[PDB]
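Okay, so here's the structure we're looking at.
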Amino acid sequence: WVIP
Amino acid sequence: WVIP
Amino acid sequence: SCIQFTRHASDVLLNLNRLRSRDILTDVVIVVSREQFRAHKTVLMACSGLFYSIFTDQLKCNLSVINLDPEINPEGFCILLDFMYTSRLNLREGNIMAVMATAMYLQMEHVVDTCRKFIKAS
Amino acid sequence: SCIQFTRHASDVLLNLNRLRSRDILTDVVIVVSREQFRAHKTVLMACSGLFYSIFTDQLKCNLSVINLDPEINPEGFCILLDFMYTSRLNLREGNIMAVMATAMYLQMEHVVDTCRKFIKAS
Ligand SMILES: O=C1Cc2cc(Nc3cc(Cl)ncc3Cl)ccc2N1
Ligand SMILES: O=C1Cc2cc(Nc3cc(Cl)ncc3Cl)ccc2N1
Ligand SMILES: [Cl-]
Ligand SMILES: [Cl-]
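Protein chains in written order, with PDB author numbering: chain D, 1 to 4; chain D', 1 to 4; chain A, 7 to 128; chain A', 7 to 128. A prime marks a further copy of an entry chain.
The following block contains the structure:
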């Protein structure tokens with residue numbers, strides 16, 4: 001999971 | 001396009 | 007010896023979401039309490055262990071309406087349906103409990119994992 | 007303020023390809039000369055300007071069989087159908103001309119672009  |  | 011187009015999967019999902027927003031080729035309504043959500047069975051199956059099981063069933067595969075368990079929160083479902091079609095999860099303090107419970111029911115293991123991680127941090 | 011699961015789109019496409027290989031929820035047959043290819047209309051639309059136009063047509067959207075132009079090569083179509091469901095293109099010296107012609111007909115602009123580049127290099 002990432003900060004888009 | 002890439003070499004997978 | 008194939009070549010690969012890096013953005014292909016993302017572009018496919020983006021177009022499937024555009025079809026969903028325009029209600030094109032949607033083939034099922036998911037009923038969550040008083041709320042109704044139109045979707046593509048194949049996308050639901052690709053994202054959820056529960057929908058995978060439902061639509062591989064020789065009788066349920068032909069249903070145009072699926073009613074979820076009355077404990078399922080419509081907002082939690084909406085957030086998860088958006089994630090299915092975009093890869094983006096609107097996880098917030100006020101919705102995390104409903105999102106985790108809905109992801110556990112829908113069998114969306116990666117969403118359950120991030121919810122457990124985010125809850126543990128607080 | 008969403009979070010994003012990087013592998014989600016690829017995982018969705020991988021599961022859609024698994025559904026295709028097992029002939030699950032396929033809703034159309036594409037006929038290319040004597041050859042038949044089963045697929046999901048939504049995936050075909052998401053990948054091809056031609057299928058997008060066909061299945062948004064109020065009459066053609068309901069057809070279970072689509073016949074391609076007799077000039078279309080079944081192998082070129084097969085290579086492109088595989089690319090649609092995997093992001094991987096089996097581009098070879100012996101098939102590049104048939105793949106480019108088929109991609110131009112199917113309106114798959116990124117495939118046309120790499121074929122033009124690979125032809126130019128030789
Ligand atoms: O967390 C999850 C997400 C998920 C998706 C699917 N859907 C498929 C799985 C396979 Cl192997 N082939 C085809 C499909 Cl559509 C099943 C279980 C789960 N669990
Ligand atoms: O090279 C290409 C690939 C492609 C895909 C699609 N399919 C869509 C486009 C839009 Cl805007 N919304 C929904 C869909 Cl399914 C149309 C044209 C082209 N050209
Ligand atoms: Cl997931
Ligand atoms: Cl393309």
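The C-beta atom is built at its ideal place from N, Cα and C for all residues, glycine as well.
Within chain A', partners of residue i - CB distance below 8 Å
i             : result
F43 (chain A) : Within 8 Å Cβ-Cβ: nothing; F43 (chain A) doesn't reach chain A', min ~17 Å.
Cβ neighbours of residue i in the same chain (closer than 6 Å, five flanking residues each side left out)
i              : result
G55 (chain A') : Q113
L50 (chain A)  : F57
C53 (chain A') : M90
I85 (chain A)  : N96, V105
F11 (chain A') : none
Interface residues of chain A facing residue i [CB-CB closer than 8 Å]
i              : result
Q10 (chain A') : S93, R94, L95
Within chain A, partners of residue i - CB distance below 7 Å
i              : result
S16 (chain A') : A15
For residue i: DSSP bridge partner residues
i              : result
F43 (chain A)  : A:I36
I72 (chain A)  : A:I36
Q10 (chain A') : D:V2, A:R94
Amino acids of chain A', ordered along the chain, whose beta-carbon sits closer than 9 Å to that of residue i
i              : result
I30 (chain A)  : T48, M51, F61, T62, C67
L112 (chain A) : Result: empty, since nearest Cβ-Cβ is about 14 Å, beyond 9 Å.
Interface partners of residue i on chain A, CB under 9 Å
i               : result
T120 (chain A') : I9, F11
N21 (chain A')  : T48, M51, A52, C53, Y58
Sequence-distant residues of its chain with Cβ nearer than 8 Å to residue i (five each side left out)
i             : result
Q42 (chain A) : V35, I36
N23 (chain A) : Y91, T92
Same chain, Cβ closer than 7 Å to residue i, neighbours up to 5 away in sequence not counted
i                    : result
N73 (chain A')       : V37
residue 1 (chain A') : It is not possible to answer for residue 1 (chain A'), since the shown part of chain A' is limited to 7 through 128.
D29 (chain A')       : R44
beta-carbon residue i near ligand 6 non-hydrogen atom, thresh 7 Å
i             : result
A52 (chain A) : What this structure holds is ligand 1, ligand 2, ligand 3 and ligand 4, not ligand 6.
Proximal residues, the region 55-80 of chain A' versus chain A, C-beta separation under 9 Å: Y58, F61, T62, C67
Below 6 Å from a heavy atom of ligand 3 - residues by beta-carbon: A:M114, A:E115, A:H116, A:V117
Residues of the region 82-94 of chain A with Cβ closer than 8 Å to any Cβ of chain D', in chain order: none
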